[PDB]
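Asker: File query11.cif follows (mmCIF, C-alpha atoms (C1' of nucleotides)):
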data_upload
#
loop_
_atom_site.group_PDB
_atom_site.id
_atom_site.type_symbol
_atom_site.label_atom_id
_atom_site.label_comp_id
_atom_site.auth_asym_id
_atom_site.auth_seq_id
_atom_site.Cartn_x
_atom_site.Cartn_y
_atom_site.Cartn_z
ATOM 1 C CA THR A 165 49.978 88.279 52.368
ATOM 2 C CA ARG A 166 49.072 90.804 55.055
ATOM 3 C CA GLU A 167 45.500 89.510 55.253
ATOM 4 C CA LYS A 168 46.779 85.929 55.245
ATOM 5 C CA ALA A 169 49.293 86.555 58.031
ATOM 6 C CA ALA A 170 46.500 88.092 60.071
ATOM 7 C CA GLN A 171 43.606 85.758 60.871
ATOM 8 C CA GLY A 172 46.570 83.446 61.477
ATOM 9 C CA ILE A 173 48.312 81.199 58.953
ATOM 10 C CA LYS A 174 51.381 78.989 58.819
ATOM 11 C CA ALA A 175 53.731 79.894 56.006
ATOM 12 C CA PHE A 176 55.805 77.118 54.494
ATOM 13 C CA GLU A 177 59.009 78.286 56.173
ATOM 14 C CA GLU A 178 57.382 78.396 59.618
ATOM 15 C CA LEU A 179 56.404 74.724 59.318
ATOM 16 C CA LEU A 180 59.865 73.313 58.589
ATOM 17 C CA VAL A 181 60.881 70.695 61.160
ATOM 18 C CA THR A 182 64.538 69.579 61.262
ATOM 19 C CA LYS A 183 65.410 66.516 63.428
ATOM 20 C CA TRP A 184 67.818 67.633 66.211
ATOM 21 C CA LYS A 185 71.436 66.429 65.722
ATOM 22 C CA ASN A 186 73.496 64.831 68.510
ATOM 23 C CA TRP A 187 76.002 67.684 68.614
ATOM 24 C CA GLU A 188 73.285 70.338 68.790
ATOM 25 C CA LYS A 189 72.255 68.927 72.165
ATOM 26 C CA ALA A 190 75.746 69.374 73.601
ATOM 27 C CA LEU A 191 75.949 72.821 72.015
ATOM 28 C CA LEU A 192 72.710 73.862 73.712
ATOM 29 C CA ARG A 193 73.873 72.459 77.047
ATOM 30 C CA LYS A 194 77.125 74.423 76.870
ATOM 31 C CA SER A 195 75.252 77.527 75.699
ATOM 32 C CA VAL A 196 72.783 77.457 78.585
ATOM 33 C CA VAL A 197 75.596 76.931 81.069
ATOM 34 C CA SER A 198 77.727 79.759 79.693
ATOM 35 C CA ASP A 199 74.872 82.245 79.539
ATOM 36 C CA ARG A 200 73.725 81.408 83.052
ATOM 37 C CA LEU A 201 77.294 82.114 84.155
ATOM 38 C CA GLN A 202 77.392 85.426 82.298
ATOM 39 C CA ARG A 203 74.083 86.547 83.781
ATOM 40 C CA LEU A 204 75.270 85.618 87.263
ATOM 41 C CA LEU A 205 78.634 87.308 86.781
ATOM 42 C CA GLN A 206 77.580 90.655 85.307
ATOM 43 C CA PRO A 207 76.104 91.895 88.636
ATOM 44 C CA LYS A 208 79.164 90.987 90.690
ATOM 45 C CA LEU A 209 81.485 92.405 88.048
ATOM 46 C CA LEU A 210 79.654 95.727 88.111
ATOM 47 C CA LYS A 211 79.647 95.682 91.915
ATOM 48 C CA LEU A 212 83.406 95.118 92.003
ATOM 49 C CA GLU A 213 84.104 97.817 89.426
ATOM 50 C CA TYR A 214 81.925 100.290 91.319
ATOM 51 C CA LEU A 215 83.744 99.486 94.553
ATOM 52 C CA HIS A 216 87.096 100.030 92.846
ATOM 53 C CA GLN A 217 85.983 103.337 91.333
ATOM 54 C CA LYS A 218 84.764 104.430 94.762
ATOM 55 C "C1'" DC B 1 43.709 29.433 56.364
ATOM 56 C "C1'" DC B 2 44.068 33.365 57.945
ATOM 57 C "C1'" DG B 3 46.004 36.229 61.177
ATOM 58 C "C1'" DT B 4 50.783 38.869 62.148
ATOM 59 C "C1'" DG B 5 55.939 39.697 62.563
ATOM 60 C "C1'" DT B 6 59.615 40.778 60.504
ATOM 61 C "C1'" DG B 7 62.754 41.941 55.765
ATOM 62 C "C1'" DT B 8 63.723 44.443 51.357
ATOM 63 C "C1'" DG B 9 64.225 48.259 46.964
ATOM 64 C "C1'" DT B 10 65.131 52.334 45.821
ATOM 65 C "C1'" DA B 11 64.920 56.652 45.051
ATOM 66 C "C1'" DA B 12 63.618 60.400 48.734
ATOM 67 C "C1'" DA B 13 65.080 63.506 52.374
ATOM 68 C "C1'" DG B 14 68.714 64.723 55.760
ATOM 69 C "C1'" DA B 15 72.646 66.549 56.846
ATOM 70 C "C1'" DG B 16 77.549 67.263 55.787
ATOM 71 C "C1'" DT B 17 80.975 69.063 53.808
ATOM 72 C "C1'" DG B 18 82.999 70.812 49.620
ATOM 73 C "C1'" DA B 19 83.738 72.986 45.211
ATOM 74 C "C1'" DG B 20 83.549 76.140 41.365
ATOM 75 C "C1'" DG B 21 82.479 79.953 38.658
ATOM 76 C "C1'" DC B 22 81.333 84.672 38.494
ATOM 77 C "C1'" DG B 23 80.806 89.204 39.687
ATOM 78 C "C1'" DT B 24 82.057 92.868 42.416
ATOM 79 C "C1'" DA B 25 85.781 95.085 44.767
ATOM 80 C "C1'" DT B 26 90.665 96.277 44.991
ATOM 81 C "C1'" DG B 27 95.226 97.697 43.351
ATOM 82 C "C1'" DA B 28 98.916 99.590 41.072
ATOM 83 C "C1'" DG B 29 100.565 103.026 38.423
ATOM 84 C "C1'" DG B 30 102.620 108.252 37.530
ATOM 85 C "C1'" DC B 31 100.642 113.082 38.634
ATOM 86 C "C1'" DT B 32 100.356 116.840 42.102
ATOM 87 C "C1'" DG B 33 99.765 118.706 46.380
ATOM 88 C "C1'" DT B 34 99.691 119.551 51.384
ATOM 89 C "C1'" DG B 35 100.012 118.556 57.361
ATOM 90 C "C1'" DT B 36 102.251 115.138 60.056
ATOM 91 C "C1'" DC B 37 104.476 111.464 62.246
ATOM 92 C "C1'" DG B 38 106.831 107.488 62.728
ATOM 93 C "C1'" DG B 39 110.942 106.273 60.761
ATOM 94 C "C1'" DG B 40 115.639 105.138 59.778
ATOM 95 C "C1'" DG B 41 120.314 106.022 59.427
ATOM 96 C "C1'" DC B 42 123.222 108.684 61.979
ATOM 97 C "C1'" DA B 43 127.864 108.400 64.678
ATOM 98 C "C1'" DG B 44 128.060 108.907 69.733
ATOM 99 C "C1'" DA B 45 129.011 108.319 74.720
ATOM 100 C "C1'" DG B 46 129.464 105.180 78.255
ATOM 101 C "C1'" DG B 47 130.328 101.299 80.190
ATOM 102 C "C1'" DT B 48 158.944 70.257 72.013
ATOM 103 C "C1'" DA B 49 163.807 70.703 74.505
ATOM 104 C "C1'" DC B 50 167.572 73.049 76.508
ATOM 105 C "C1'" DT B 51 169.529 77.206 78.674
ATOM 106 C "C1'" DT B 52 169.680 81.377 81.075
ATOM 107 C "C1'" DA B 53 167.636 84.892 84.277
ATOM 108 C "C1'" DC B 54 164.737 86.486 88.402
ATOM 109 C "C1'" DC B 55 162.409 85.928 92.817
ATOM 110 C "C1'" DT B 56 161.745 83.726 97.340
ATOM 111 C "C1'" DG B 57 163.028 81.052 101.678
ATOM 112 C "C1'" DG B 58 166.422 79.886 104.595
ATOM 113 C "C1'" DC B 59 170.259 79.819 107.605
ATOM 114 C "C1'" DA B 60 174.097 82.249 108.604
ATOM 115 C "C1'" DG B 61 176.593 85.830 111.022
ATOM 116 C "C1'" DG B 62 177.264 90.391 112.703
ATOM 117 C "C1'" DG B 63 176.170 94.689 115.515
#
As structure tokens, what does this structure read like?

Answerer:
Amino acid sequence: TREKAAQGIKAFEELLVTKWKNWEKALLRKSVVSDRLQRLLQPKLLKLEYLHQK
DNA sequence: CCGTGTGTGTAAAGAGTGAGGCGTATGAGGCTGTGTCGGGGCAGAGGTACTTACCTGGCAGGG
């Protein structure tokens, strides 16, 4: 299995394709939005906390 | 008269929840012990009609 993984190979699990469900699309939209917000907020939150501690 | 454009069977995926049994984990029980801490009483400050009597306002005199 080592030799087969090397030289490249596609195991059966890695080839499974599941058709995307309607609700998964909304879930991904909400996920992207929320994580973009968190990444934008973390810097300002740390800035504010540092200012308060100062 | 042979092109093609649409239907159809029926189990095969595709999810989509849902269910059931089993196996592991937990508990409860005295026991005995030892540090500790919330706890839970524990009392405690500390905040219907008629008649008679009594009181008040008024006008009156007195000095």

Asker: Please determine the contact residues of chain B with respect to chain A at a cut-off of 12 Å, counting all atoms listed in the file, and supply them as a PyMOL selection string.

Answerer: chain B and resi 13-16

Asker: Provide the atom CA of residue A:181 to atom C1' of residue B:8 distance in Å, to one decimal place.

Answerer: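 We find that atom CA of residue A:181 and atom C1' of residue B:8 lie 28.2 Å from each other.
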
Asker: Write out as lines of an AutoDock Vina configuration file an axis-aligned box for stretch 205-214 of chain A: all of its atoms listed in the file, 5 Å added on each side, centre and edge lengths in Å with one decimal.

Answerer:
center_x = 80.1
center_y = 93.8
center_z = 88.7
size_x = 18.0
size_y = 23.0
size_z = 16.7

Asker: Report the distance between atom CA of residue A:166 and atom CA of residue A:179 in Å, rounded to one decimal place.

Answerer: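 The value is 18.2 Å.
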